[PDB]
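Asks: Have a look at this one.
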Amino acid sequence: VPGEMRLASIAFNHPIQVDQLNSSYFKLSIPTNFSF
Amino acid sequence: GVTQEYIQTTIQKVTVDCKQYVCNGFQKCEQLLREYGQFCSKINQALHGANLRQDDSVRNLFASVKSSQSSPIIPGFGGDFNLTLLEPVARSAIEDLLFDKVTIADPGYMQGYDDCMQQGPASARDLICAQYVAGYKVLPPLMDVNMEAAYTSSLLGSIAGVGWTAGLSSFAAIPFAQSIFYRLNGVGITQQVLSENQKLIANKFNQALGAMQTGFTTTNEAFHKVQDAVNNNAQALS
Amino acid sequence: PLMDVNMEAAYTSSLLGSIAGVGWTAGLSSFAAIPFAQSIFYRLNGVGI
Amino acid sequence: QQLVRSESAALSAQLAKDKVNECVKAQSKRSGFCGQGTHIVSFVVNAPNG
Amino acid sequence: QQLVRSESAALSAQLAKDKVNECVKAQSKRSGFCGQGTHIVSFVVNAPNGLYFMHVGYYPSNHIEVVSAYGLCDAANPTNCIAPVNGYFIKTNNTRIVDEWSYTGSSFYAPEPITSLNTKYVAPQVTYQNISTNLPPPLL
Amino acid sequence: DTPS
Amino acid sequence: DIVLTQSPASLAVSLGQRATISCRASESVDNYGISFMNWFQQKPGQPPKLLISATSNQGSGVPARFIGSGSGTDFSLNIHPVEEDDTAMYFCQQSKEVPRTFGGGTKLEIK
Amino acid sequence: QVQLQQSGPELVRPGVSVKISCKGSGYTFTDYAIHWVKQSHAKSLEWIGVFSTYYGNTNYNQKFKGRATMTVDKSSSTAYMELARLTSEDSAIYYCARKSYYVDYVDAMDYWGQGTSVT
């Protein structure tokens, strides 16, 4: 049978980071796959 | 210029010991309340379900708050715009002024038993210590204030911006000022004028921003409502 | 209950049959009568694909 | 009393949720919503219970 | 108790009919509403005491970062300025396409040659790229 | 604890 | 396009000896740090072969011994183990702008 | 398995247009642009031009815009270049090549034709 329960931190799912560029051009995040 | 609003999203979660509220362990109520035990169970279940409902709304809200992606946020963000909203890396100075302007009783949970007990000032008058007389229990907020701060910064990272069609997949990742110009062209102001007046725009914006430090007054109806939401919880407990 | 479940089912089938027109500058006045998958491709161009 | 308040809060939270996904996440042309000065970017911060 | 429930049910019914005329009747761009993946066609079925809805949507994945430009202005003649329609101008990473810049849809990564169908004439700006040679949409 |  | 030059016009080395080639440019080639610098190899009786790319000192058809280096107008190639089958002409190339010109090149030789 | 098959060398007299071919093999031909380079000496080479094999789009070295042109027979998986108005100064070893991206946003010639020459 099962043992003791496990204490846990609640996870924070962090967003994908995108660098904030300066000048006349910029990084653009775009998906390469998808699902319904 | 600016406007502001406050929308309450939750009720504080509480439960009540249904024996101690009526009788504090006396032997007559140990028999006399047995025939009334089913009323207590109905009371506890209803309150318990209400507490579950409050936590469901929290989880549902945060599911829409989160973004698939965001910019990292650094000092000097916003360019010439001041952006004093930025956290003191934290919550924010604006949020902290709100919490300090509110007249709410000193926070619960720790030290618990020892903040009711003589290990503290004689001047405490918190209803929270009175919860250990009456058998009242206040449940902790679900979200965790640190995670809350992370969610609001995540929202700030999606700024710049809303333009460039639907925006529901791709993330533009551009400077704040540039997104402002797209919003200004979205209302029919020609860009030629906007390019001429760029410093003016930043200055007038910052004046409107600066007015938020006078916004912590009772003539701000939203501010007043925050205090009244706090008052209503205190009134119910008292 | 106020309404016959069969009549209710007829209303839900009419909702399935209300697809196409899906728009086309309102579509309140018209019924395009095109394949379901064809209307989907119109929707997919509507989201930037 | 608490059950009534809980329901009103849930509805109030739903309105805020809609504004976060509209008034904050995008510029809107609807008017009415948001501040009364056309609509340009809006922001949201934490508040007690809201 | 029944009076209270009846009122809440009436309001709940109002919410449903509004979704029937938005989430079900047509595609919507407002977000929030409907499924959390943009919006594509949705359906509704009969349920006890109510309606049961389902929604379908696009769930993007495997995001990559690419170089992109705010617009292009044909620097050999600065009055010609263009910007993409419902999409972006990105630096070309595809071997099939000789063009220095490529056009993509905003919902998915998919480069394409630059043509007049994917762009519109715009006012000039200093951040638009300075192309001094070949720019086909229109070539002149 | 983990599933059966 | 940006002019590329290279020196010494030829270098002869002992087997297994380290060697380098300078490749100055008339104008900086960096565009958002992309650089666009490729080096090619050629021997008599054969087509040029790709060696390296500005961020690829392994791959692009070669062993890790071919080290491209530098930024701006300052480019070079460093090969620590030059060997008999490295006796070839070497050419810096610019992918940044049309015509997509490339340098006249230099030749390594084994003494 | 990628290969390029250039047409054989010829001592063509001046004023004659010159067609050169370079069939591709071992890869899908239409997904990669074709490039040509001119070698007048082992130390003197210049790019000639590029042609897409799917969209037919092209660019040329500025000196050759009034000269050589390119076409593609997609059904034969082959690329062609034809020089206009040959002169003795145009004798060269000519090389076809295929576009690649070993590094993102960096063009590279990857595979090369065995070389052909005209004089």
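Every chain in the structure tokens takes a letter, A first, then B, and so on in the order presented; its residues are numbered from 1, and the ligands are numbered from 1 following the presented order.
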Identify all chain E residues at most 10 Å from chain G by counting only C-alpha atoms; ligands do not count. Present them as a list in words.
Replies: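 Here is what falls inside 10 Å: residues 67, 100, 133 and 134 of chain E.
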Asks: Please write the residues from the selection above to a file, keeping N, CA and C atoms, as a PDB file, in the first residue's frame.
Replies:
ATOM      1  N   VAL E  67      14.062  36.789 -37.633  1.00  0.00           N
ATOM      2  CA  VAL E  67      14.307  38.198 -37.894  1.00  0.00           C
ATOM      3  C   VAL E  67      13.162  38.797 -38.677  1.00  0.00           C
ATOM      4  N   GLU E 100      15.219  38.272 -50.826  1.00  0.00           N
ATOM      5  CA  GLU E 100      15.889  38.575 -49.561  1.00  0.00           C
ATOM      6  C   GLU E 100      14.965  38.571 -48.351  1.00  0.00           C
ATOM      7  N   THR E 133      17.941  47.690 -54.211  1.00  0.00           N
ATOM      8  CA  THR E 133      17.975  47.002 -55.504  1.00  0.00           C
ATOM      9  C   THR E 133      16.639  46.426 -55.960  1.00  0.00           C
ATOM     10  N   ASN E 134      16.497  45.109 -55.828  1.00  0.00           N
ATOM     11  CA  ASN E 134      15.329  44.406 -56.324  1.00  0.00           C
ATOM     12  C   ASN E 134      14.172  44.322 -55.343  1.00  0.00           C
TER      13      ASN E 134
END
Asks: Would you pick out the contacts of residue 32 of chain E at 10 Å or less, using only C-alpha atoms, so that residues sharing its chain but fewer than 3 positions from it are not included, and give the list as a ChimeraX atom specification?
Replies: /B:64 /D:17-22,25 /E:29,35-39
Asks: Find the nearest atom pair between each residue of chain D and chain B for residues within 7 Å, count only C-alpha atoms, give distances in Å to one decimal, sort rows by chain and ascending number, and present the table as JSON lines.
Replies:
{"residue": "D:3", "atom": "CA", "partner": "B:50", "partner_atom": "CA", "distance": 6.5}
{"residue": "D:6", "atom": "CA", "partner": "B:11", "partner_atom": "CA", "distance": 6.1}
{"residue": "D:9", "atom": "CA", "partner": "B:9", "partner_atom": "CA", "distance": 5.4}
{"residue": "D:10", "atom": "CA", "partner": "B:57", "partner_atom": "CA", "distance": 6.5}
{"residue": "D:12", "atom": "CA", "partner": "B:9", "partner_atom": "CA", "distance": 5.8}
{"residue": "D:13", "atom": "CA", "partner": "B:9", "partner_atom": "CA", "distance": 4.3}
{"residue": "D:16", "atom": "CA", "partner": "B:7", "partner_atom": "CA", "distance": 6.4}
{"residue": "D:17", "atom": "CA", "partner": "B:61", "partner_atom": "CA", "distance": 6.0}
{"residue": "D:25", "atom": "CA", "partner": "B:162", "partner_atom": "CA", "distance": 6.7}
{"residue": "D:26", "atom": "CA", "partner": "B:162", "partner_atom": "CA", "distance": 5.2}
{"residue": "D:27", "atom": "CA", "partner": "B:162", "partner_atom": "CA", "distance": 6.7}
{"residue": "D:35", "atom": "CA", "partner": "B:3", "partner_atom": "CA", "distance": 5.2}
{"residue": "D:40", "atom": "CA", "partner": "B:183", "partner_atom": "CA", "distance": 6.2}
{"residue": "D:45", "atom": "CA", "partner": "B:152", "partner_atom": "CA", "distance": 6.6}
{"residue": "D:46", "atom": "CA", "partner": "B:95", "partner_atom": "CA", "distance": 6.5}
{"residue": "D:47", "atom": "CA", "partner": "B:95", "partner_atom": "CA", "distance": 6.9}
{"residue": "D:49", "atom": "CA", "partner": "B:10", "partner_atom": "CA", "distance": 5.2}
{"residue": "D:50", "atom": "CA", "partner": "B:8", "partner_atom": "CA", "distance": 4.1}
Asks: Would you mind listing what lies within 12 Å of residue 13 of chain G as a PyMOL selection string, with only C-alpha atoms counted and same-chain residues fewer than 5 positions away left out?
Replies: chain G and resi 18-20+79-84+86-87+107-111
Asks: Output the contact residues of chain H with respect to chain E at a cut-off of 7 Å, based on only C-alpha atoms, as number ranges by chain.
Replies: H: 31-33, 52-54, 57-58, 99-100, 104-105
Asks: Compile the residues of chain B that lie within 7 Å of chain A, evaluated using only C-alpha atoms, and express the compilation as JSON, numbers by chain.
Replies: {"B": [67, 68, 69, 70, 71, 72, 169, 170, 171, 172, 173, 174]}
Asks: Could you please take those selected residues and save N, CA, C and O atoms as a PDB file, in the first residue's frame?
Replies:
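The resulting file, again09.pdb, is reproduced below:
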ATOM      1  N   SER B  67       0.154  33.835 -20.705  1.00  0.00           N
ATOM      2  CA  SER B  67       0.456  33.919 -22.127  1.00  0.00           C
ATOM      3  C   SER B  67       1.429  32.868 -22.517  1.00  0.00           C
ATOM      4  O   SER B  67       2.242  32.433 -21.706  1.00  0.00           O
ATOM      5  N   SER B  68       1.357  32.448 -23.771  1.00  0.00           N
ATOM      6  CA  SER B  68       2.324  31.496 -24.279  1.00  0.00           C
ATOM      7  C   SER B  68       3.751  32.052 -24.280  1.00  0.00           C
ATOM      8  O   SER B  68       4.708  31.293 -24.120  1.00  0.00           O
ATOM      9  N   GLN B  69       3.883  33.369 -24.475  1.00  0.00           N
ATOM     10  CA  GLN B  69       5.184  34.003 -24.495  1.00  0.00           C
ATOM     11  C   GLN B  69       5.142  35.433 -23.992  1.00  0.00           C
ATOM     12  O   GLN B  69       4.093  36.087 -24.034  1.00  0.00           O
ATOM     13  N   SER B  70       6.284  35.916 -23.498  1.00  0.00           N
ATOM     14  CA  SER B  70       6.386  37.314 -23.097  1.00  0.00           C
ATOM     15  C   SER B  70       7.812  37.836 -23.204  1.00  0.00           C
ATOM     16  O   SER B  70       8.766  37.069 -23.191  1.00  0.00           O
ATOM     17  N   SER B  71       7.970  39.144 -23.254  1.00  0.00           N
ATOM     18  CA  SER B  71       9.294  39.727 -23.154  1.00  0.00           C
ATOM     19  C   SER B  71       9.793  39.661 -21.708  1.00  0.00           C
ATOM     20  O   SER B  71       8.971  39.696 -20.790  1.00  0.00           O
ATOM     21  N   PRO B  72      11.100  39.523 -21.472  1.00  0.00           N
ATOM     22  CA  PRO B  72      11.776  39.774 -20.223  1.00  0.00           C
ATOM     23  C   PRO B  72      11.590  41.248 -19.972  1.00  0.00           C
ATOM     24  O   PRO B  72      11.433  42.016 -20.927  1.00  0.00           O
ATOM     25  N   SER B 169      -1.100  34.156 -31.955  1.00  0.00           N
ATOM     26  CA  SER B 169      -0.114  33.133 -32.205  1.00  0.00           C
ATOM     27  C   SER B 169       1.258  33.742 -32.040  1.00  0.00           C
ATOM     28  O   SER B 169       1.979  33.453 -31.086  1.00  0.00           O
ATOM     29  N   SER B 170       1.597  34.592 -32.988  1.00  0.00           N
ATOM     30  CA  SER B 170       2.831  35.317 -33.013  1.00  0.00           C
ATOM     31  C   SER B 170       2.958  36.382 -31.940  1.00  0.00           C
ATOM     32  O   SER B 170       1.964  36.945 -31.486  1.00  0.00           O
ATOM     33  N   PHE B 171       4.196  36.692 -31.574  1.00  0.00           N
ATOM     34  CA  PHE B 171       4.440  37.799 -30.654  1.00  0.00           C
ATOM     35  C   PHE B 171       5.401  38.792 -31.255  1.00  0.00           C
ATOM     36  O   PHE B 171       6.559  38.466 -31.529  1.00  0.00           O
ATOM     37  N   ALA B 172       4.906  40.017 -31.466  1.00  0.00           N
ATOM     38  CA  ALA B 172       5.670  41.071 -32.121  1.00  0.00           C
ATOM     39  C   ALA B 172       6.971  41.450 -31.443  1.00  0.00           C
ATOM     40  O   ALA B 172       7.948  41.686 -32.144  1.00  0.00           O
ATOM     41  N   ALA B 173       7.003  41.492 -30.109  1.00  0.00           N
ATOM     42  CA  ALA B 173       8.236  41.785 -29.373  1.00  0.00           C
ATOM     43  C   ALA B 173       8.892  43.111 -29.782  1.00  0.00           C
ATOM     44  O   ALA B 173      10.087  43.138 -30.085  1.00  0.00           O
ATOM     45  N   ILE B 174       8.151  44.212 -29.780  1.00  0.00           N
ATOM     46  CA  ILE B 174       8.703  45.490 -30.252  1.00  0.00           C
ATOM     47  C   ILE B 174       8.697  46.482 -29.102  1.00  0.00           C
ATOM     48  O   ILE B 174       8.161  46.166 -28.047  1.00  0.00           O
TER      49      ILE B 174
END
Asks: Find the residues near residue 35 of chain A: any atom within 12 Å, counting only C-alpha atoms, skip ones fewer than 6 places away on the same chain, and give them as a tab-separated table (two decimals) with C-alpha atoms, in the first residue's frame.
Replies:
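Once everything was written out, this is result19.tsv:
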chain	number	residue	atom	x	y	z
E	37	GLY	CA	-7.22	28.96	-29.44
E	56	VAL	CA	-12.69	24.09	-31.45
E	57	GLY	CA	-9.54	26.07	-31.90
E	58	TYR	CA	-5.99	26.39	-33.05
E	59	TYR	CA	-3.27	25.44	-30.65
E	60	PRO	CA	0.15	26.61	-31.92
E	61	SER	CA	3.37	24.95	-30.82
E	62	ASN	CA	7.14	24.86	-31.28
E	107	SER	CA	-0.82	31.90	-37.62
E	108	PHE	CA	1.93	29.65	-38.85
Asks: Just to confirm, what's the straight-line distance from atom CA of residue 117 of chain E to atom CA of residue 87 of chain E in Å (one decimal)?
Replies: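 Atom CA of residue 87 of chain E lies at a distance of 11.5 Å from atom CA of residue 117 of chain E.
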Asks: Mind listing the alpha helix (DSSP H) residues of chain D, per DSSP on the backbone, as a PyMOL selection string?
Replies: chain D and resi 2-19
Asks: Could you dump the residues just selected with N, CA, C and O atoms as a PDB file, in the first residue's frame?
Replies:
ATOM      1  N   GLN D   2     -23.453  34.637   3.068  1.00  0.00           N
ATOM      2  CA  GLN D   2     -22.235  34.364   2.368  1.00  0.00           C
ATOM      3  C   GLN D   2     -22.422  33.711   1.033  1.00  0.00           C
ATOM      4  O   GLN D   2     -21.645  33.976   0.116  1.00  0.00           O
ATOM      5  N   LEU D   3     -23.464  32.894   0.889  1.00  0.00           N
ATOM      6  CA  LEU D   3     -23.707  32.281  -0.396  1.00  0.00           C
ATOM      7  C   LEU D   3     -24.066  33.284  -1.455  1.00  0.00           C
ATOM      8  O   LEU D   3     -23.608  33.175  -2.593  1.00  0.00           O
ATOM      9  N   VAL D   4     -24.839  34.297  -1.071  1.00  0.00           N
ATOM     10  CA  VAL D   4     -25.190  35.329  -2.012  1.00  0.00           C
ATOM     11  C   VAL D   4     -24.003  36.119  -2.456  1.00  0.00           C
ATOM     12  O   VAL D   4     -23.859  36.418  -3.647  1.00  0.00           O
ATOM     13  N   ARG D   5     -23.138  36.446  -1.498  1.00  0.00           N
ATOM     14  CA  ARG D   5     -21.964  37.205  -1.822  1.00  0.00           C
ATOM     15  C   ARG D   5     -21.033  36.444  -2.709  1.00  0.00           C
ATOM     16  O   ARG D   5     -20.457  37.026  -3.630  1.00  0.00           O
ATOM     17  N   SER D   6     -20.917  35.136  -2.466  1.00  0.00           N
ATOM     18  CA  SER D   6     -20.072  34.308  -3.287  1.00  0.00           C
ATOM     19  C   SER D   6     -20.497  34.269  -4.724  1.00  0.00           C
ATOM     20  O   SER D   6     -19.647  34.302  -5.619  1.00  0.00           O
ATOM     21  N   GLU D   7     -21.806  34.237  -4.963  1.00  0.00           N
ATOM     22  CA  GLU D   7     -22.249  34.237  -6.331  1.00  0.00           C
ATOM     23  C   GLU D   7     -21.996  35.550  -7.023  1.00  0.00           C
ATOM     24  O   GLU D   7     -21.602  35.565  -8.193  1.00  0.00           O
ATOM     25  N   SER D   8     -22.188  36.663  -6.299  1.00  0.00           N
ATOM     26  CA  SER D   8     -21.934  37.936  -6.928  1.00  0.00           C
ATOM     27  C   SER D   8     -20.480  38.145  -7.236  1.00  0.00           C
ATOM     28  O   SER D   8     -20.149  38.761  -8.249  1.00  0.00           O
ATOM     29  N   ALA D   9     -19.603  37.591  -6.395  1.00  0.00           N
ATOM     30  CA  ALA D   9     -18.192  37.700  -6.652  1.00  0.00           C
ATOM     31  C   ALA D   9     -17.781  36.913  -7.847  1.00  0.00           C
ATOM     32  O   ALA D   9     -16.925  37.362  -8.601  1.00  0.00           O
ATOM     33  N   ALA D  10     -18.399  35.746  -8.047  1.00  0.00           N
ATOM     34  CA  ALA D  10     -18.062  34.958  -9.205  1.00  0.00           C
ATOM     35  C   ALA D  10     -18.411  35.677 -10.480  1.00  0.00           C
ATOM     36  O   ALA D  10     -17.640  35.656 -11.444  1.00  0.00           O
ATOM     37  N   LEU D  11     -19.564  36.337 -10.481  1.00  0.00           N
ATOM     38  CA  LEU D  11     -19.954  37.096 -11.636  1.00  0.00           C
ATOM     39  C   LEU D  11     -19.072  38.295 -11.864  1.00  0.00           C
ATOM     40  O   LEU D  11     -18.728  38.610 -13.005  1.00  0.00           O
ATOM     41  N   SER D  12     -18.677  38.949 -10.769  1.00  0.00           N
ATOM     42  CA  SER D  12     -17.786  40.082 -10.852  1.00  0.00           C
ATOM     43  C   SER D  12     -16.431  39.681 -11.403  1.00  0.00           C
ATOM     44  O   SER D  12     -15.851  40.393 -12.226  1.00  0.00           O
ATOM     45  N   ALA D  13     -15.962  38.502 -10.993  1.00  0.00           N
ATOM     46  CA  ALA D  13     -14.721  37.971 -11.492  1.00  0.00           C
ATOM     47  C   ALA D  13     -14.801  37.657 -12.959  1.00  0.00           C
ATOM     48  O   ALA D  13     -13.829  37.876 -13.681  1.00  0.00           O
ATOM     49  N   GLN D  14     -15.964  37.180 -13.416  1.00  0.00           N
ATOM     50  CA  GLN D  14     -16.121  36.918 -14.824  1.00  0.00           C
ATOM     51  C   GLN D  14     -16.023  38.169 -15.651  1.00  0.00           C
ATOM     52  O   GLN D  14     -15.419  38.149 -16.723  1.00  0.00           O
ATOM     53  N   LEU D  15     -16.576  39.274 -15.146  1.00  0.00           N
ATOM     54  CA  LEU D  15     -16.440  40.522 -15.861  1.00  0.00           C
ATOM     55  C   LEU D  15     -15.014  40.979 -15.970  1.00  0.00           C
ATOM     56  O   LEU D  15     -14.597  41.455 -17.028  1.00  0.00           O
ATOM     57  N   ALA D  16     -14.259  40.837 -14.874  1.00  0.00           N
ATOM     58  CA  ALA D  16     -12.859  41.206 -14.909  1.00  0.00           C
ATOM     59  C   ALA D  16     -12.093  40.359 -15.882  1.00  0.00           C
ATOM     60  O   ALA D  16     -11.236  40.872 -16.595  1.00  0.00           O
ATOM     61  N   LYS D  17     -12.429  39.067 -15.939  1.00  0.00           N
ATOM     62  CA  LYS D  17     -11.787  38.159 -16.854  1.00  0.00           C
ATOM     63  C   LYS D  17     -12.022  38.553 -18.283  1.00  0.00           C
ATOM     64  O   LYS D  17     -11.111  38.473 -19.110  1.00  0.00           O
ATOM     65  N   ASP D  18     -13.229  39.027 -18.568  1.00  0.00           N
ATOM     66  CA  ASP D  18     -13.511  39.470 -19.898  1.00  0.00           C
ATOM     67  C   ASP D  18     -12.737  40.716 -20.232  1.00  0.00           C
ATOM     68  O   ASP D  18     -12.206  40.837 -21.334  1.00  0.00           O
ATOM     69  N   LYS D  19     -12.630  41.642 -19.272  1.00  0.00           N
ATOM     70  CA  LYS D  19     -11.856  42.834 -19.529  1.00  0.00           C
ATOM     71  C   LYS D  19     -10.381  42.572 -19.684  1.00  0.00           C
ATOM     72  O   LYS D  19      -9.750  43.168 -20.548  1.00  0.00           O
TER      73      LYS D  19
END
Asks: If you count only C-alpha atoms, which residues fall within 7 Å of residue 6 of chain A, apart from same-chain ones fewer than 2 positions away, as a ChimeraX atom specification?
Replies: /A:4,8 /F:1
Asks: Kindly export the residues of the current selection with N, CA, C and O atoms, as a PDB file, in the first residue's frame.
Replies:
ATOM      1  N   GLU A   4       3.244   7.936   2.726  1.00  0.00           N
ATOM      2  CA  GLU A   4       2.909   9.323   2.958  1.00  0.00           C
ATOM      3  C   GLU A   4       2.820  10.169   1.690  1.00  0.00           C
ATOM      4  O   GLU A   4       3.523   9.933   0.703  1.00  0.00           O
ATOM      5  N   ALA A   8       4.434  19.701  -1.945  1.00  0.00           N
ATOM      6  CA  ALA A   8       4.997  20.245  -3.162  1.00  0.00           C
ATOM      7  C   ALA A   8       4.737  21.715  -3.300  1.00  0.00           C
ATOM      8  O   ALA A   8       3.769  22.237  -2.766  1.00  0.00           O
TER       9      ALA A   8
ATOM     10  N   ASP F   1       0.034  10.115  -3.141  1.00  0.00           N
ATOM     11  CA  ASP F   1       1.078   9.158  -3.438  1.00  0.00           C
ATOM     12  C   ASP F   1       0.768   8.628  -4.861  1.00  0.00           C
ATOM     13  O   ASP F   1      -0.333   8.853  -5.373  1.00  0.00           O
TER      14      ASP F   1
END
Asks: Give me, as a PyMOL selection string, all polymer residues having an atom no more than 10 Å from residue 49 of chain C, counting only C-alpha atoms and skipping those fewer than 4 positions away in the same chain.
Replies: (chain C and resi 41-45) or (chain E and resi 86-87+104-110)
Asks: For residue 52 of chain E, work out the shell of residues within 12 Å, counting only C-alpha atoms and skipping chain neighbours fewer than 2 positions away, then give it as a ChimeraX atom specification.
Replies: /C:12 /E:13,16-17,19-20,24,42-50,54-55
Asks: Selection from above, N, CA and C atoms, as a short mmCIF file (atom, residue, chain, number, x, y, z; two decimals), in the first residue's frame, can you write it?
Replies:
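Once everything was written out, this is again-v8.cif:
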data_model
loop_
_atom_site.label_atom_id
_atom_site.label_comp_id
_atom_site.auth_asym_id
_atom_site.auth_seq_id
_atom_site.Cartn_x
_atom_site.Cartn_y
_atom_site.Cartn_z
N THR C 12 -31.73 21.94 -32.94
CA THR C 12 -30.29 21.79 -32.98
C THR C 12 -29.79 21.32 -34.33
N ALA E 13 -29.49 31.70 -19.01
CA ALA E 13 -30.04 31.49 -20.34
C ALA E 13 -29.68 32.62 -21.29
N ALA E 16 -26.25 32.04 -22.63
CA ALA E 16 -26.22 31.04 -23.67
C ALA E 16 -26.69 31.54 -25.01
N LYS E 17 -27.77 32.33 -25.05
CA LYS E 17 -28.24 32.78 -26.35
C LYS E 17 -27.28 33.75 -27.00
N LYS E 19 -24.03 33.49 -26.74
CA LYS E 19 -23.02 32.63 -27.33
C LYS E 19 -23.51 31.94 -28.58
N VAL E 20 -24.80 31.62 -28.65
CA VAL E 20 -25.35 31.06 -29.88
C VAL E 20 -25.24 32.02 -31.03
N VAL E 24 -21.35 30.32 -31.82
CA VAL E 24 -21.84 29.27 -32.69
C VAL E 24 -22.16 29.75 -34.07
N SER E 42 -17.73 26.00 -33.88
CA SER E 42 -18.16 25.45 -32.61
C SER E 42 -19.54 24.84 -32.74
N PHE E 43 -19.91 23.99 -31.79
CA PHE E 43 -21.18 23.30 -31.88
C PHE E 43 -21.92 23.29 -30.56
N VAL E 44 -23.22 23.10 -30.64
CA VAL E 44 -24.00 23.01 -29.43
C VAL E 44 -24.99 21.88 -29.49
N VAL E 45 -25.20 21.23 -28.36
CA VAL E 45 -26.17 20.15 -28.26
C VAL E 45 -27.09 20.36 -27.06
N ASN E 46 -28.21 19.67 -27.09
CA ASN E 46 -29.19 19.70 -26.01
C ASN E 46 -28.62 19.00 -24.78
N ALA E 47 -28.90 19.53 -23.61
CA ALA E 47 -28.43 18.93 -22.38
C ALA E 47 -29.53 19.06 -21.38
N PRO E 48 -29.56 18.29 -20.29
CA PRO E 48 -30.60 18.45 -19.34
C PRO E 48 -30.44 19.84 -18.78
N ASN E 49 -31.56 20.50 -18.61
CA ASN E 49 -31.69 21.82 -18.04
C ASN E 49 -30.90 22.90 -18.79
N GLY E 50 -30.50 22.70 -20.04
CA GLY E 50 -29.59 23.68 -20.61
C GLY E 50 -29.00 23.28 -21.95
N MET E 54 -19.45 23.10 -27.28
CA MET E 54 -18.10 22.67 -27.47
C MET E 54 -17.49 23.62 -28.44
N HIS E 55 -16.20 23.79 -28.37
CA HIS E 55 -15.57 24.74 -29.25
C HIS E 55 -14.34 24.13 -29.76
#
Asks: For chain D, which of E:3, E:22, E:30, E:51 is the closest residue, counting only C-alpha atoms?
Replies: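 Among the listed residues, the smallest separation from chain D belongs to E:30.
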Asks: Run DSSP on the backbone and give me the residues of chain E it puts in strand (DSSP E or B), as a PDB file with C-alpha atoms, in the first residue's frame.
Replies:
ATOM      1  CA  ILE E  40     -13.016  28.277 -35.505  1.00  0.00           C
ATOM      2  CA  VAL E  41     -16.373  26.529 -35.785  1.00  0.00           C
ATOM      3  CA  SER E  42     -18.164  25.454 -32.608  1.00  0.00           C
ATOM      4  CA  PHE E  43     -21.183  23.298 -31.878  1.00  0.00           C
ATOM      5  CA  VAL E  44     -24.001  23.015 -29.429  1.00  0.00           C
ATOM      6  CA  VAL E  45     -26.169  20.153 -28.256  1.00  0.00           C
ATOM      7  CA  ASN E  46     -29.189  19.696 -26.013  1.00  0.00           C
ATOM      8  CA  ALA E  47     -28.429  18.929 -22.380  1.00  0.00           C
ATOM      9  CA  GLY E  50     -29.590  23.680 -20.612  1.00  0.00           C
ATOM     10  CA  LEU E  51     -27.243  23.696 -23.564  1.00  0.00           C
ATOM     11  CA  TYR E  52     -23.886  22.043 -23.849  1.00  0.00           C
ATOM     12  CA  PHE E  53     -21.346  23.707 -26.012  1.00  0.00           C
ATOM     13  CA  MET E  54     -18.104  22.669 -27.471  1.00  0.00           C
ATOM     14  CA  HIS E  55     -15.573  24.736 -29.246  1.00  0.00           C
ATOM     15  CA  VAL E  56     -12.694  24.087 -31.447  1.00  0.00           C
ATOM     16  CA  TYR E  59      -3.265  25.441 -30.647  1.00  0.00           C
ATOM     17  CA  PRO E  60       0.146  26.613 -31.922  1.00  0.00           C
ATOM     18  CA  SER E  61       3.366  24.954 -30.816  1.00  0.00           C
ATOM     19  CA  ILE E  64      10.819  29.863 -33.115  1.00  0.00           C
ATOM     20  CA  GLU E  65      12.265  33.311 -33.283  1.00  0.00           C
ATOM     21  CA  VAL E  66      12.932  34.933 -36.627  1.00  0.00           C
ATOM     22  CA  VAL E  67      14.307  38.198 -37.894  1.00  0.00           C
ATOM     23  CA  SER E  68      11.626  40.612 -39.013  1.00  0.00           C
ATOM     24  CA  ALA E  69      11.087  44.108 -40.351  1.00  0.00           C
ATOM     25  CA  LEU E  72      10.250  47.871 -46.579  1.00  0.00           C
ATOM     26  CA  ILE E  82       5.170  49.045 -48.245  1.00  0.00           C
ATOM     27  CA  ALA E  83       4.028  46.898 -45.317  1.00  0.00           C
ATOM     28  CA  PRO E  84       2.647  43.307 -45.071  1.00  0.00           C
ATOM     29  CA  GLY E  87       1.411  38.773 -41.874  1.00  0.00           C
ATOM     30  CA  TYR E  88       5.022  39.686 -41.558  1.00  0.00           C
ATOM     31  CA  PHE E  89       8.137  40.427 -43.520  1.00  0.00           C
ATOM     32  CA  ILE E  90      10.882  38.097 -42.403  1.00  0.00           C
ATOM     33  CA  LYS E  91      14.427  37.509 -43.454  1.00  0.00           C
ATOM     34  CA  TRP E 101      12.686  38.904 -47.565  1.00  0.00           C
ATOM     35  CA  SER E 102       9.762  36.600 -47.285  1.00  0.00           C
ATOM     36  CA  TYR E 103       6.191  36.852 -46.363  1.00  0.00           C
ATOM     37  CA  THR E 104       4.461  34.697 -43.844  1.00  0.00           C
ATOM     38  CA  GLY E 105       1.054  34.082 -42.463  1.00  0.00           C
ATOM     39  CA  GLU E 112       6.601  32.938 -49.412  1.00  0.00           C
ATOM     40  CA  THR E 119       1.315  43.926 -49.129  1.00  0.00           C
ATOM     41  CA  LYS E 120      -0.066  47.424 -49.070  1.00  0.00           C
ATOM     42  CA  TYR E 121       1.319  50.828 -49.863  1.00  0.00           C
ATOM     43  CA  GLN E 129      14.315  48.639 -44.426  1.00  0.00           C
TER      44      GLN E 129
END
